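Novice: Structure in structure tokens, see below.
Throughout, read-outs are computed from the coordinates displayed, never taken from laboratory work. Here the Cβ positions follow ideal geometry from the backbone for every residue, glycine too, while neighbour counts run over all protein chains shown.
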Amino acid sequence: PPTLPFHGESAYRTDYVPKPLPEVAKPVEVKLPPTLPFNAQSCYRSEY
Amino acid sequence: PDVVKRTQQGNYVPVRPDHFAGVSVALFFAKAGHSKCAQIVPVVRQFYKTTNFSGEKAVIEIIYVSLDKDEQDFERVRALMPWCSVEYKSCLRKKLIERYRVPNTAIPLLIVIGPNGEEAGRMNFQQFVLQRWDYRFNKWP
């Protein structure tokens, strides 16, 4: 009589094979605006 | 290198590697003579034609790694497949089918891969599953 090969694998083996690592390099920056120059004025030093 | 042919009817020129430049990639293990393979081949051709070229970017692409028992089997199915395929005169045939372990039952089996030689999903055609590709993670960046 003939014999068959072993065709059957474990449920952990068939699914839990390793998985591709995600793309974890997406850095972003901010847009902090510059400060407008000082043009405010004191009333004493503007009048007197 | 000198492996995986594209589509090119008449001369069958292979593929320089950056054809796969942002497409979802899978391995479609199949073999003619297997009756279950026979009705999955035209419907995966249908998936290869509406979610691929009906609109924008070619977003899917598959490789036919053959498990054919003779060479005359190979050119009949590969002339039928408009997607890419590996040849019989190649060491890439056996190393893929034993890394993913289709016994030589399994046919047909689709396994999406990544840019690592690493699986990203098991399909289980053999017994309507085609619309679960998730071709947004499957990208080969």
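Novice: Over segment B:10-93, what is the mean sequence separation of C-alpha contacts under 8 Å (at least six apart), divided by residue count, expressed as relative contact order in percent?
Specialist: On the way: 78 pairs, mean separation 26.0, N = 84.
This gives 31 percent for segment B:10-93.
Novice: Now for a different question. Rounded to the nearest 20 Debye, what is the dipole magnitude of the protein assembly as shown about its Cα centre when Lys and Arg each give +1 and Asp and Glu each give -1 at the C-beta? Provide the component values of the computation, followed by the final result.
Specialist: Values: 26 positive and 19 negative charges, 38 e Å.
Here the size comes out at about 180 debye.
Novice: Further, regarding this structure: So which trypsin sites (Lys or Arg not before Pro) in segment B:8-96 end up in coil per DSSP with only 16 or fewer other C-beta atoms within 10 Å?
Specialist: Working: sites: B:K31, B:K36, B:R45, B:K49, B:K57, B:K69, B:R76, B:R78, B:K89, B:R93, B:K94, B:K95; in loops: B:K31, B:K57, B:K69, B:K89.
Answer by residue number: B:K57, B:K69, B:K89.
Novice: Shape call for chain B from the C-alpha gyration tensor, a ≥ b ≥ c root eigenvalues: rounded (a/c under 1.5), prolate (a/b greater than b/c) or oblate? Walk me through the numbers on the way to the answer.
Specialist: Working: a/c = 1.28, a/b = 1.12, b/c = 1.14.
Cα axes put chain B in the rounded bin.
Novice: Separation of segment B:67-107 and chain A by C-alpha centroid, Å?
Specialist: 39 Å
Novice: Straight-line reach from B:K69: which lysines have a Cα under 26 Å away, not including same-chain ones fewer than 8 places off?
Specialist: Of all the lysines, those that pass the test against B:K69 - Cα under 26 Å, at least 8 places apart if same chain - are B:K5, B:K31, B:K36, B:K89, B:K94, B:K95.
Novice: What does the charge dipole of segment B:2-73 about its Cα centre add up to, to the nearest 20 debye, if the Cβ of each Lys and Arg holds +1 and the Cβ of each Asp and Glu holds -1? Walk me through the numbers before you get to the answer.
Specialist: Numbers: 9 positive and 8 negative charges, 45 e Å.
Dipole magnitude for segment B:2-73 comes out near 220 debye.
Novice: Continuing with this model, one more query. About the Cα centre of chain B, what is the dipole size in debye to 20, counting +1 per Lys and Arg Cβ and -1 per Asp and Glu Cβ, all else neutral?
Specialist: Values: 21 positive and 14 negative charges, 34 e Å.
Roughly 160 debye for chain B.
Novice: Place the peptides B:5-13, A:28-36 in order of packing, highest mean first, counting for every residue the other Cβ atoms within 10 Å and averaging per peptide.
Specialist: Numbers: B:5-13: 10.7, A:28-36: 5.2.
Going from most to least packed, we get B:5-13, A:28-36.
Novice: For chain B, what is the calculated [θ] at 222 nm in deg cm²/dmol (nearest 500), taking -39500 (n - 2.57) for each run of four or more DSSP H residues and dividing by its residue count? List each step's numbers first, then the result.
Specialist: On the way: 3 runs with 32 residues, N = 141.
Rounded to the nearest 500, it is -7000 deg cm²/dmol.
Novice: Also: Take every DSSP beta bridge whose two residues both sit in segment B:1-127, then give the antiparallel share in percent to the nearest 5. All intermediate terms of the calculation are to be shown ahead of the outcome.
Specialist: Values: 10 of 17 bridges.
Around 60 percent of the beta bridges assigned by DSSP in segment B:1-127 are antiparallel ones.
Novice: Determine the shielding of peptide B:112-125 by partner chains: average, over its residues, the number of Cβ atoms on other chains within 10 angstrom of each Cβ. Show your work: numbers first, answer last.
Specialist: Numbers: counts 1, 1, 3, 1, 4, 1, 5, 4, 2, 2, 3, 0, 1, 0.
Per residue, the average neighbour count from other chains is 2.
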